[PDB]
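Next up: a single chain in C-alpha cells, the form deposited in one PDB entry.
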C-alpha cells in the first residue's frame, strides 16, 4: 500500500479511538504528510483540521500544534488555516486558548515576513493578513482576560509583538534563537502594502498597553513578574525603549499594587531588583545611570550589587 492509503487507514483508525491516545495516531499521520511525503499535506489538511471539533482538550491542542507545523512547512497554507486558528483562539477552554496564543506568537512573525516578501498582495493574502492582524489585536485585549494564565500568555505574545514591530540597533541584545526573526529594520520603507510607519505606531501602542498593564493596581504576582521580565527583555533587545521601561519600574515602585504591598512586599522588591539589575548590566543603561542607581538604592539593593552589575563604558563601543 501507498503512503496516502496508509494515511487514510490511520485516519479511519483515529476516528474509532475514544481517548486521547488517538493523538499517537494523528502524529503518525502528521509525520507522513509533513515529513515523509510533503505533497500529501494539501490533500489531507481537511482530515486533520476536522479534529478541531473533538471534545478532548489535548486533541484540539494537537490540532493547534499541527497548524503551526504546517504553516512553518508552507506559509501559504496560512491562507486556509488562519480561520481555524482563529476558532481555536476563541475556544471555550482556557488551555486551548493559551496554546493558540503560543502559536500566534510563532506565526505572526512568519506571516509578516511573508507579507513583506510579496510585492503583489492577492485578495486571499490580504484577508489572511487582516485576520492575523485582528487576532494580534484580540490577544492584546486578552491582557484583560479574567483568567490569570491567559493574561500571562498574552504578555509574552505582546512582548514578541513589540520586539517585532521595532528596529534592531547596534547594541541590541539578540537571543541566538531569534537571530533570523523579522524586525522593523528588515522592512523596506517603500513596500506598497505593509507600511513601516504604521507597524512602528502599532509596536508603540502595544508597548503602551503593556506599560499600563504593569502599573494596574489589580494584577497578580505571576502576571507582574512576567511583565517585569518582558519589559526587561524589551529594554535589552530594543534599547530605544529603556527609558520607558525604567520609568515603568519607578512608577510601580512608587505605587505598589495594594494586595502586594505588605507581606508580599519583600518578594515584589526582590523581583523588581533582579529585573532592574538585568537592565543595568546592558551597556545602554549608562545613559540612565542616576535614575537606575537611585531606583536600585530605593529598592534596598546593596551598593556592592549595584557596583558588580554596572557595565564598563568599554562595553559601549
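Residue numbers count along the first chain shown, from 1. The term rigid core refers to the most C-alpha atoms you can superpose between the two forms while keeping them within 1.5 Å.
Another form exists, solved in complex with a partner chain; not displayed. Remarks below refer to it.
Only one of 215, 94, 240, 83 has a non-hydrogen atom within 4.5 angstroms of its partner chain in the deposited complex; which is it?
Contact check passes for 94.
Pick from 50, 57, 286, 261: which has a non-hydrogen atom within 4.5 Å of its partner chain in the deposited complex?
The residue in contact is 261.
Spell it out for me: taking its partner chain in the deposited complex, does every residue among 152, 267 and 270 have a heavy atom no farther than 4.5 Å from it?
The answer is yes; 152, 267 and 270 each reach its partner chain.
Hey, of 154-162, 197-205, 75-83, 114-122, which bit sits against its partner chain in the deposited complex at 4.5 Å between non-hydrogen atoms?
Only one stretch passes the 4.5 Å heavy-atom test: 154-162.
Answer yes if any heavy atom of residue 172 is within 4.5 Å of a heavy atom of its partner chain in the deposited complex; otherwise answer no.
No, residue 172 stays farther than 4.5 Å from its partner chain in the deposited complex.
Going by a heavy atom distance of 4.5 Å, is residue 183 a contact of its partner chain in the deposited complex?
Residue 183: no contact with its partner chain in the deposited complex.
4.5 Å heavy atom contact, residue 146 to its partner chain in the deposited complex:
Result yes; residue 146 sits at the interface with its partner chain in the deposited complex.
Within a 4.5 Å heavy atom cut-off, is residue 209 in contact with its partner chain in the deposited complex?
Residue-level check for residue 209: no, no contact with its partner chain.
Give the option from 59, 248, 268, 40 whose C-alpha shifts by 2 Å or more between this form and the one not shown; the alignment is on the rigid core.
So the only displaced C-alpha belongs to 268.
Could you check, with the core superposed, whether the Cα atom of residue 297 shifts 2 Å or more between this form and the one not shown?
Result for residue 297: yes, a 2 Å-plus shift.
With a change of at least 3 Å, which way does the C-alpha separation between residue 241 and residue 261 go in the deposited complex: closer or farther?
Distance between the C-alphas of residue 241 and residue 261: longer in the deposited complex, by 3 Å or more.
Relative to what's shown here, the Cα pair residue 263 and residue 229 differs by 3 Å or more in the deposited complex. Does it come closer or drift farther?
Their C-alpha distance shrinks by at least 3 Å in the deposited complex.
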